[PDB]
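To start, the structure itself, in structure tokens.
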Amino acid sequence: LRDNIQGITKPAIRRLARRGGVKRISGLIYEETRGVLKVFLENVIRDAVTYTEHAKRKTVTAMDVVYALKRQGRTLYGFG
Amino acid sequence: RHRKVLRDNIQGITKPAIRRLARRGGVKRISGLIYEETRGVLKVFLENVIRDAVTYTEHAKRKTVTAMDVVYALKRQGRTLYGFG
Amino acid sequence: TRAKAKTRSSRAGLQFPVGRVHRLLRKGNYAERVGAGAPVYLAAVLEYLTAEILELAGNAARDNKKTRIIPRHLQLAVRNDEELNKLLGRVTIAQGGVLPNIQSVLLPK
Amino acid sequence: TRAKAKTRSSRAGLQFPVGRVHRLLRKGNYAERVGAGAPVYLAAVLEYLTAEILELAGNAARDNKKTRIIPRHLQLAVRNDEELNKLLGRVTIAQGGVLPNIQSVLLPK
Amino acid sequence: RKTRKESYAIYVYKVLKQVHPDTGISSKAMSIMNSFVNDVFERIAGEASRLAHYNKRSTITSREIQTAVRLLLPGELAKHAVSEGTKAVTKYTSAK
Amino acid sequence: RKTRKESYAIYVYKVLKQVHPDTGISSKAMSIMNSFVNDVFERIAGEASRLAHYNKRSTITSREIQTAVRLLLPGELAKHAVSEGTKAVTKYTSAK
Amino acid sequence: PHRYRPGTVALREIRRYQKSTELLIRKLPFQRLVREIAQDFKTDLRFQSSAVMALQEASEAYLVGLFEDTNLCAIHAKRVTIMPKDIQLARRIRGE
Amino acid sequence: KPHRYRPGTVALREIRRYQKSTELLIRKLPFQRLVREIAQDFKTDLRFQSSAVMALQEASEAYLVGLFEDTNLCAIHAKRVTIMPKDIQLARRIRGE
Amino acid sequence: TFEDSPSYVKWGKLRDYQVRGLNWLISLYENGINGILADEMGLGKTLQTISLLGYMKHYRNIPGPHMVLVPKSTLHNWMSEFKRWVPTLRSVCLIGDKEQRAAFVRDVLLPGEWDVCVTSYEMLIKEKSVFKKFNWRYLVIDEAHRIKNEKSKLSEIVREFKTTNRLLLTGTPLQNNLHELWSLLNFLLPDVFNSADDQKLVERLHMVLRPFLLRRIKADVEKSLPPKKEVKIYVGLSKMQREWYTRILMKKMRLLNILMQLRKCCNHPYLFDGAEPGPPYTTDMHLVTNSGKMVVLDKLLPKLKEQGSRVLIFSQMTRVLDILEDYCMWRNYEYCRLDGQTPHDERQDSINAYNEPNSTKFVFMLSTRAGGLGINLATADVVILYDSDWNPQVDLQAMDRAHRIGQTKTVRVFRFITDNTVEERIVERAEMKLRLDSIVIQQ
DNA sequence: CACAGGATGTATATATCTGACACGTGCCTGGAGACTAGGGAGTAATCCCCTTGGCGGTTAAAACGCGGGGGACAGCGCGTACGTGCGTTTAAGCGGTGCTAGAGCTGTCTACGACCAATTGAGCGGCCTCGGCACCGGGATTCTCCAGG
DNA sequence: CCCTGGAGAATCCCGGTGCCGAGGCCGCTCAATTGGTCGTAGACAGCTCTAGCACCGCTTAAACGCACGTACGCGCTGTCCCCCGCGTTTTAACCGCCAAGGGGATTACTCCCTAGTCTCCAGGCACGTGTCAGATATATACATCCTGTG
Ligand SMILES: Nc1ncnc2c1ncn2[C@@H]1O[C@H](COP(=O)(O)OP(=O)(O)O)[C@@H](O)[C@H]1O
């Protein structure tokens, strides 16, 4: 697969920014925020896949994701 | 009936000292209102750390605060301090 | 013969399981030995915290004309109370949204 | 009789106390049972990390034309290296100073 | 049937009925409360274990839990939690 | 005489002499190195214990230590450390 | 005809999305992105639905907090538009 | 008539000098008195070791240096050279304090 | 085998104590022993040292570095005496900041054209590194009770020097016990007195002290200066004082030194925070009643006003001194304040105005341990001690600040004592120390 | 507008002093060799849950383009607050009484409470079932915003 | 040029629906109950050595106040491009349903690993020792900045 990062489209980023509380958005914000999302996801997925490899499983689980998020200090209440 | 207090200890963190800290930080020009705010920020940080350290000292049934207590307090705060234990 | 059993929660007038807390403490590798009063104290602390959060969330849910407490109500109660915000500063509550906050500069003149 | 005693550290070709590490692991309340390869692995990892830090600190000392390492040299070694900086991104080194860092706008022009 | 699983759901429901007599909760909020109780348990227990390690004591006691709640809970929450725990310990020692 | 305390000073000295034939080290730097080794040991051991508890087991093993190393260290250091620890365990189990 | 001024629709959208509590990124594109990222670390990985949902929740919260801090930076710079420089300053102050 | 430096050369020289040195910058006696006054409110009749005050001074120095670095970054972002309490407050707010 | 002043001296005939001390020092030197000349004020220790140095210079040639360790306040006096009595003897002084000290040493010390050097204690501790290469032949120390105790930087460096001869000038060789006397004896003869020291005491002490000590007491030397007159006054404290005393005994106020809380607490309660009345802070009749000793002092004050003059008040606390100053101000009475916080210029102005022939100066509030060996008060009549310090020798210095050869009439001392307090034990220790010192040295 | 001179700050050597780091030895306690027993985990095998892949239809959403206002950004001017020097002034820093009792650490001894073991029965968790709450849709009240006079 | 009107949104009130929470029943496993026991902490005495508090010198560095002038922060203008709001068309998400298989999850076996003991001794820690690396001082030599002048 490729190019799927472009699937995080401009209207979605605008909705997220509006929830954040911004009013005017520059044109170059979208590539920067896509990069930020990519690095965040890479960290989380790296840790989750390592947890799953230790578990000797081929399925990544909500518990693995929560453990990774806790290890990074972003505890997620509501998934186990 | 002849008493005259000296000063408050927050004023002991003098303007030249705050200037030296700013130079080490890497700033060139400083406003005049920075000093009071920096004194307040230092007081807040010290209060948090000293509260944690006094909690540890009280629990150990000790009346003397220790470098290990300070290090434990800083580790709790998330400010690991190497060089003391 | 043997007497009727009484739960340690009943003896302490608690609503949280003292026996379960003691079992988790002993099985959790926290320390070699565990005292009698530590589970009671910990259960009381947990009960107080749960009651506080539930009371604030119930007030929030009642103010919005509901009867079910939902994650939005929980997040409202947590983020509108300063001490609970400090306790849960680095916690994401699923499907909780954000508090209304529009900066005064952005408002129309 | 018996066999001449040789340490597990020298047995695995290390310079770190596998026996002491094993004792610390067993006494630290981490698990109710500890294996046999775990202390060896941990000592090897600690040895590698210590070698890396000491290598960089000695290089900094020789660049500064000295023959003894000080916390300033340790700080210069920890910073200027991305991976060690990420590992020690929350550690304060006593009397270690700060890296030279002056922004371009503050330079005269 | 699936293998049994633990939960604080019934005790949360009891406390909820004590506080708000006629207010219910949903499954998502119950899961959040379960996770919150687990997290607070983990943090307090870890602090108590570290205290016991530092003081070179092999037992976890009410003193350890009191010091841990003082260290972790901020301010008035800590004060009220300490008072509630002391009351519970007094009642347990008296009644038993 | 007085009491006795434990430190990694002699092993740090051995590695320092190995990696730099003539470069000494002062007291403060040695204390910092002792603190660094203690902190890394604490982090790795805690991660291994949490892994063992998550997977519902009771033994800390080389698999747990390797996974903890991968989760803790950032990348290139992680792979180098894993390789050399695997080498050490291989030497230990080869003819011993 | 009729045409709202440039910015009142934005404020209505801000109010509405701050009141709402649902997800904003399309689930199938997010899932495809997660699979593509996981392709590098491991081959033939399967995911539970809750895992993808939790990843989505965490990503949304992280981006929302980052955007709030970016707007604070933009206000500090005597501006209403947010810029990559503001995002980078927020990231640098946070320490990532 | 007497020699004078332009407004900013001495500042940059001081920046280099204090970024090269490793010693502390605030005064031991005033800092110790401040620590005693702060701890008296939390508990009276407290004794302080000599190493505790030094450790507190080290930690405070590191924290204040990092804070000033972030403050200067914010002030440069605002296209200024002067730092201000606004920059301090913004740095604290973004760091989460 | 010197009963008379030699011919090389200028402006001096001696009163035979100088010649006796010179003969004793010469005999000790010939035997190869360094001793302590323990004369206490008025018998010319400086004059004895000058005579010894002039003798060594003029007679069989023994030139070398001559060290004169004196308090910084005495440098000018010693220089004046050196230049006035023996002009042939050549002396220099090392004082000033780093630049002046470096210039002076590089111009004079390294060439070594000098004969005598006069230095202070702090200059010596600073310039030890330069005062090591030279060979030392005779080391003269005035007020030897500065190095009276083992350990300290000054004691260590003074024991470091290699000196052929040593000489100590002091008035009170024994202060608290035998330990400081043994320390001085060890400084004199490190090998002889290596031992750490009525058969095991008293008699052996006298036997040891006879060959190595020689002191002549002013009382038996001057045959003038009529004696003292001490009055002991017992003081009951106020009820508020007693309840504060009880509170301090049992236990948010700082509590670190119970001994020195009860001390000032028996003296005046307003030193504590909150003891004084509210925002008015008006001085009226509550300064007196709230302190029992203050009551007695306030009663004696009109008596001192109506009869005699030149009253001296000695106190050990700056807070008590300032409170007494404020009280004397409220009573619209003249006072003069001297303490360690008063700089030298105002000190001199105050003492000059006080010794002025016809002055209205009534109260001279003098802190006991301020200043050194100076301030020659002779017209004073009444000496009052609000408190007494641990050292009876310090008390003796305080009482002899007014008790001087210029005084013609007997002078009176009034002591105020607080009952049911540790002040009784302090007075007992002071009195037993004074009795021991008198029965050991005075006879 | 550029160069050249002068003042100041700084880098660089050599010589001294000193106190700490590197080293040796002796003693000790905890690490190592040799043995045992028990139980946790590795392996094999089976069930069924959940993931993946697929299709078809619908409609909300995204992409695209267009027209226009407002906000970023460069520039200009002002007048003020901060940096650079200087002469006084505290006050830190160090070294001394002068006493101290006080708190931390080691050794010894003893009681009590936490653990382990066997037994037993309420307390929970999982499975059902049913009704009130939330939701979706429709229809009819304010409240804000934007031209236009 | 605030006031007014049209429109657009937001809001409120009923009415019908679907489902998720709430209640009730069954089995069982984990907690309660006694009883015996062994370390672990409590309690107490002794040492001792460091931390207090109120003065008293003495020295030197760092603060403190001050005047001047100069960049710099701050406000105002004006251009202009970029972002916003709206209508349209295309795209793909979303929602149901279906089929197949991989893989998670459980259970039973069995063995090999680790905990626990006991000797035995050597590696490590403390205590005492001595040479050198580093700090400092002082005097050059070098580099940098600032101002005046052709
Ligand atoms: N040359 C002298 N001969 C006799 N008595 C003297 C002499 N000089 C001073 N005195 C008296 O001795 C007292 C203090 O003398 P002091 O200064 O100790 O002498 P020195 O300076 O020689 O030691 C003074 O009150 C004075 O009256």
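Residue names in the structure tokens use chain letters A, B, ... in the order shown, residue numbers from 1 in each chain, and ligand numbers from 1 in the order shown.
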
* **Those of chain E in DSSP helix (DSSP H, G or I), formatted as a PyMOL selection string** => chain E and resi 9-19+27-54+62-72+76-95

Would you export the selected residues with C-alpha atoms as a tab-separated table (two decimals), in the first residue's frame, please?
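The new file result.tsv reads:
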```
chain	number	residue	atom	x	y	z
E	9	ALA	CA	-18.71	-2.58	38.22
E	10	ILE	CA	-20.94	-3.74	41.07
E	11	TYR	CA	-19.13	-1.61	43.65
E	12	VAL	CA	-19.21	1.41	41.32
E	13	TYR	CA	-22.95	0.82	40.92
E	14	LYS	CA	-23.43	0.61	44.69
E	15	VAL	CA	-21.56	3.89	45.22
E	16	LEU	CA	-23.54	5.48	42.38
E	17	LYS	CA	-26.84	4.46	43.97
E	18	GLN	CA	-25.59	5.80	47.30
E	19	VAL	CA	-24.70	9.18	45.79
E	27	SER	CA	-21.26	0.48	29.60
E	28	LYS	CA	-18.64	2.88	28.23
E	29	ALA	CA	-18.68	4.98	31.40
E	30	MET	CA	-18.51	1.84	33.53
E	31	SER	CA	-15.44	0.71	31.58
E	32	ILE	CA	-13.87	4.14	32.09
E	33	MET	CA	-14.53	3.95	35.84
E	34	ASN	CA	-13.06	0.43	35.96
E	35	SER	CA	-9.90	1.68	34.27
E	36	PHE	CA	-9.73	4.71	36.58
E	37	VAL	CA	-9.94	2.52	39.69
E	38	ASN	CA	-7.27	0.20	38.28
E	39	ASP	CA	-4.98	3.16	37.50
E	40	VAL	CA	-5.34	4.68	40.97
E	41	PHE	CA	-4.71	1.25	42.51
E	42	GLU	CA	-1.55	0.82	40.43
E	43	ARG	CA	-0.19	4.27	41.28
E	44	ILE	CA	-0.84	4.07	45.03
E	45	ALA	CA	0.53	0.52	45.26
E	46	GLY	CA	3.66	1.46	43.33
E	47	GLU	CA	4.31	4.45	45.58
E	48	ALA	CA	3.85	2.31	48.70
E	49	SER	CA	6.22	-0.34	47.32
E	50	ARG	CA	8.86	2.28	46.53
E	51	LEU	CA	8.51	3.72	50.04
E	52	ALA	CA	8.94	0.27	51.59
E	53	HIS	CA	12.00	-0.32	49.39
E	54	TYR	CA	13.54	3.02	50.41
E	62	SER	CA	-1.47	1.85	56.64
E	63	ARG	CA	1.38	4.30	57.23
E	64	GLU	CA	2.70	3.47	53.76
E	65	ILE	CA	-0.72	3.94	52.18
E	66	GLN	CA	-1.20	7.26	54.01
E	67	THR	CA	2.17	8.55	52.82
E	68	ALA	CA	1.40	7.36	49.28
E	69	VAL	CA	-1.96	9.15	49.13
E	70	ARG	CA	-0.32	12.29	50.53
E	71	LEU	CA	2.32	12.09	47.80
E	72	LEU	CA	-0.07	11.35	44.93
E	76	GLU	CA	-7.90	18.78	49.64
E	77	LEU	CA	-8.48	15.47	47.88
E	78	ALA	CA	-5.53	14.06	49.82
E	79	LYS	CA	-6.79	15.53	53.10
E	80	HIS	CA	-10.28	14.07	52.67
E	81	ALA	CA	-8.90	10.70	51.55
E	82	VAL	CA	-6.64	10.53	54.61
E	83	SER	CA	-9.57	11.33	56.91
E	84	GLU	CA	-11.77	8.68	55.28
E	85	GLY	CA	-9.06	6.04	55.49
E	86	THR	CA	-8.38	6.79	59.14
E	87	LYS	CA	-12.09	6.46	59.91
E	88	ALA	CA	-12.27	3.13	58.08
E	89	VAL	CA	-9.22	1.78	59.91
E	90	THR	CA	-10.63	2.90	63.27
E	91	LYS	CA	-13.97	1.23	62.57
E	92	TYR	CA	-12.30	-1.98	61.39
E	93	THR	CA	-10.01	-2.18	64.41
E	94	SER	CA	-12.88	-1.43	66.80
E	95	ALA	CA	-15.58	-3.70	65.38
```

* Quick one: everything within 10 Å of residue I:65, counting only C-alpha atoms (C1' of nucleotides), minus sequence neighbours fewer than 2 positions away in the same chain. Send it as a PyMOL selection string. => chain I and resi 63+67-68+91+109+112-117+134-139+163

Please, could you write that set of residues out with N, CA, C and O atoms as a PDB file, in the first residue's frame?
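Wrote it out as result12.pdb, contents follow:
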```pdb
ATOM      1  N   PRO I  63      70.909  38.028  63.351  1.00  0.00           N
ATOM      2  CA  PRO I  63      69.878  38.667  62.531  1.00  0.00           C
ATOM      3  C   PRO I  63      69.075  37.628  61.764  1.00  0.00           C
ATOM      4  O   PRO I  63      69.597  36.586  61.362  1.00  0.00           O
ATOM      5  N   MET I  67      59.144  37.806  63.392  1.00  0.00           N
ATOM      6  CA  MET I  67      57.707  37.802  63.152  1.00  0.00           C
ATOM      7  C   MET I  67      56.980  38.328  64.378  1.00  0.00           C
ATOM      8  O   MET I  67      57.263  37.907  65.505  1.00  0.00           O
ATOM      9  N   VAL I  68      56.046  39.248  64.153  1.00  0.00           N
ATOM     10  CA  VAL I  68      55.252  39.859  65.212  1.00  0.00           C
ATOM     11  C   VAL I  68      53.788  39.658  64.845  1.00  0.00           C
ATOM     12  O   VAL I  68      53.220  40.438  64.070  1.00  0.00           O
ATOM     13  N   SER I  91      61.866  47.422  61.044  1.00  0.00           N
ATOM     14  CA  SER I  91      60.622  46.671  61.003  1.00  0.00           C
ATOM     15  C   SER I  91      59.768  47.144  59.837  1.00  0.00           C
ATOM     16  O   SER I  91      59.777  48.324  59.476  1.00  0.00           O
ATOM     17  N   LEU I 109      59.964  41.881  50.749  1.00  0.00           N
ATOM     18  CA  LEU I 109      60.095  40.557  51.350  1.00  0.00           C
ATOM     19  C   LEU I 109      61.106  39.695  50.604  1.00  0.00           C
ATOM     20  O   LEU I 109      62.005  39.112  51.221  1.00  0.00           O
ATOM     21  N   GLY I 112      64.637  40.800  51.063  1.00  0.00           N
ATOM     22  CA  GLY I 112      65.039  40.475  52.420  1.00  0.00           C
ATOM     23  C   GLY I 112      66.013  41.449  53.046  1.00  0.00           C
ATOM     24  O   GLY I 112      66.894  41.034  53.810  1.00  0.00           O
ATOM     25  N   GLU I 113      65.880  42.740  52.738  1.00  0.00           N
ATOM     26  CA  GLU I 113      66.738  43.740  53.364  1.00  0.00           C
ATOM     27  C   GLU I 113      66.250  44.097  54.761  1.00  0.00           C
ATOM     28  O   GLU I 113      66.995  44.693  55.546  1.00  0.00           O
ATOM     29  N   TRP I 114      65.013  43.731  55.087  1.00  0.00           N
ATOM     30  CA  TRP I 114      64.404  44.066  56.363  1.00  0.00           C
ATOM     31  C   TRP I 114      65.062  43.295  57.505  1.00  0.00           C
ATOM     32  O   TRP I 114      65.926  42.437  57.306  1.00  0.00           O
ATOM     33  N   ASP I 115      64.634  43.616  58.722  1.00  0.00           N
ATOM     34  CA  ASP I 115      65.040  42.901  59.927  1.00  0.00           C
ATOM     35  C   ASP I 115      63.866  42.310  60.689  1.00  0.00           C
ATOM     36  O   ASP I 115      63.963  41.184  61.185  1.00  0.00           O
ATOM     37  N   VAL I 116      62.759  43.040  60.797  1.00  0.00           N
ATOM     38  CA  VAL I 116      61.577  42.601  61.529  1.00  0.00           C
ATOM     39  C   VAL I 116      60.372  42.730  60.611  1.00  0.00           C
ATOM     40  O   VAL I 116      60.278  43.689  59.835  1.00  0.00           O
ATOM     41  N   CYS I 117      59.460  41.766  60.689  1.00  0.00           N
ATOM     42  CA  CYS I 117      58.193  41.831  59.978  1.00  0.00           C
ATOM     43  C   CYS I 117      57.041  41.749  60.971  1.00  0.00           C
ATOM     44  O   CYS I 117      57.060  40.930  61.896  1.00  0.00           O
ATOM     45  N   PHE I 134      61.341  30.983  53.685  1.00  0.00           N
ATOM     46  CA  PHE I 134      62.280  31.638  54.580  1.00  0.00           C
ATOM     47  C   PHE I 134      62.442  30.844  55.874  1.00  0.00           C
ATOM     48  O   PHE I 134      61.542  30.122  56.313  1.00  0.00           O
ATOM     49  N   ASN I 135      63.615  30.987  56.485  1.00  0.00           N
ATOM     50  CA  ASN I 135      63.903  30.375  57.774  1.00  0.00           C
ATOM     51  C   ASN I 135      63.470  31.332  58.874  1.00  0.00           C
ATOM     52  O   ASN I 135      63.701  32.542  58.780  1.00  0.00           O
ATOM     53  N   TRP I 136      62.847  30.792  59.914  1.00  0.00           N
ATOM     54  CA  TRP I 136      62.288  31.582  60.998  1.00  0.00           C
ATOM     55  C   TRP I 136      63.109  31.360  62.258  1.00  0.00           C
ATOM     56  O   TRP I 136      63.333  30.216  62.665  1.00  0.00           O
ATOM     57  N   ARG I 137      63.564  32.451  62.867  1.00  0.00           N
ATOM     58  CA  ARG I 137      64.416  32.370  64.044  1.00  0.00           C
ATOM     59  C   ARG I 137      63.684  32.657  65.346  1.00  0.00           C
ATOM     60  O   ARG I 137      63.981  32.014  66.358  1.00  0.00           O
ATOM     61  N   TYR I 138      62.732  33.587  65.349  1.00  0.00           N
ATOM     62  CA  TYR I 138      62.013  33.929  66.571  1.00  0.00           C
ATOM     63  C   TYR I 138      60.613  34.368  66.188  1.00  0.00           C
ATOM     64  O   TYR I 138      60.455  35.284  65.379  1.00  0.00           O
ATOM     65  N   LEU I 139      59.609  33.724  66.772  1.00  0.00           N
ATOM     66  CA  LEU I 139      58.211  33.957  66.435  1.00  0.00           C
ATOM     67  C   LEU I 139      57.518  34.509  67.670  1.00  0.00           C
ATOM     68  O   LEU I 139      57.419  33.823  68.691  1.00  0.00           O
ATOM     69  N   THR I 163      60.770  27.302  63.541  1.00  0.00           N
ATOM     70  CA  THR I 163      61.271  28.458  64.269  1.00  0.00           C
ATOM     71  C   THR I 163      62.287  28.008  65.304  1.00  0.00           C
ATOM     72  O   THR I 163      62.048  27.051  66.047  1.00  0.00           O
TER      73      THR I 163
END
```

* **Neighbourhood of ligand 1 at 9 Å, counting only C-alpha atoms (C1' of nucleotides) and all ligand atoms, reported as a PyMOL selection string** => chain I and resi 11-15+39-50+77-78+81+85+373-374+376+404-406

* Asked: Can you list, as a list in words, every protein, DNA or RNA residue that comes within 12 Å of residue K:48 when you count only C-alpha atoms (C1' of nucleotides), leaving out same-chain residues fewer than 6 positions away?
  -> residues 102, 103, 104, 105 and 106 of chain J

* To do: Please measure the separation of atom CA of residue I:308 and atom CA of residue I:360, giving the value in Å to one decimal.
  =>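 Interatomic distance here is 12.2 Å.
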
* In Å, with one decimal, what is the gap from atom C1' of residue K:147 to atom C1' of residue J:80? -> 26.5 Å

* Asked: Any idea what the distance is between atom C1' of residue K:8 and atom CA of residue C:107?
  -> 19.8 Å

Each residue of chain D lying at most 8 Å from chain H should get a row with its shortest atom-to-atom pair and the distance in Å to one decimal, counting only C-alpha atoms; could you produce that, ordered by chain and increasing number, as a tab-separated table?
```
residue	atom	partner	partner_atom	distance
D:72	CA	H:22	CA	7.0
D:92	CA	H:62	CA	6.8
D:94	CA	H:58	CA	6.2
D:95	CA	H:22	CA	5.4
D:96	CA	H:22	CA	5.8
D:97	CA	H:22	CA	4.5
D:98	CA	H:19	CA	5.9
D:99	CA	H:19	CA	6.8
D:100	CA	H:19	CA	5.8
D:105	CA	H:76	CA	7.8
D:106	CA	H:81	CA	7.2
```

* Just the residues within 6 Å of stretch 27-38 of chain B, please, counting only C-alpha atoms (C1' of nucleotides), with nothing from its chain fewer than 6 positions along; format it as a ChimeraX atom specification. => /H:11,72,82-85

* Smallest atom-to-atom distance to chain B: which of K:144, K:50, K:79, K:131, using only C-alpha atoms (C1' of nucleotides)? -> K:50

Under the rule of at most 9 Å, produce a per-residue listing of chain I near chain J: chain, number, name, the closest pair of atoms, and the distance in Å, as JSON lines, using only C-alpha atoms (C1' of nucleotides).
```
{"residue": "I:122", "atom": "CA", "partner": "J:95", "partner_atom": "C1'", "distance": 9.0}
{"residue": "I:129", "atom": "CA", "partner": "J:17", "partner_atom": "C1'", "distance": 8.2}
{"residue": "I:146", "atom": "CA", "partner": "J:96", "partner_atom": "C1'", "distance": 8.0}
{"residue": "I:152", "atom": "CA", "partner": "J:95", "partner_atom": "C1'", "distance": 8.4}
{"residue": "I:153", "atom": "CA", "partner": "J:95", "partner_atom": "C1'", "distance": 8.2}
{"residue": "I:154", "atom": "CA", "partner": "J:95", "partner_atom": "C1'", "distance": 8.9}
{"residue": "I:257", "atom": "CA", "partner": "J:101", "partner_atom": "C1'", "distance": 8.2}
{"residue": "I:258", "atom": "CA", "partner": "J:101", "partner_atom": "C1'", "distance": 8.7}
{"residue": "I:259", "atom": "CA", "partner": "J:100", "partner_atom": "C1'", "distance": 8.1}
{"residue": "I:390", "atom": "CA", "partner": "J:98", "partner_atom": "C1'", "distance": 7.4}
```

If you run DSSP on this backbone, which residues of chain B come out as strand (DSSP E), and could you give them as a compact mmCIF listing (two decimals) with C-alpha atoms, in the first residue's frame?
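The file below, selection-v9.txt, is the result:
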```txt
# COMPACT_ATOMS: atom_id res chain seq x y z
CA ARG B 29 17.57 41.65 26.26
CA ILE B 30 15.36 41.34 29.35
CA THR B 64 16.47 15.77 59.09
CA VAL B 65 15.90 16.19 55.35
CA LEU B 81 18.79 14.21 39.34
CA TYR B 82 22.00 12.25 38.84
```
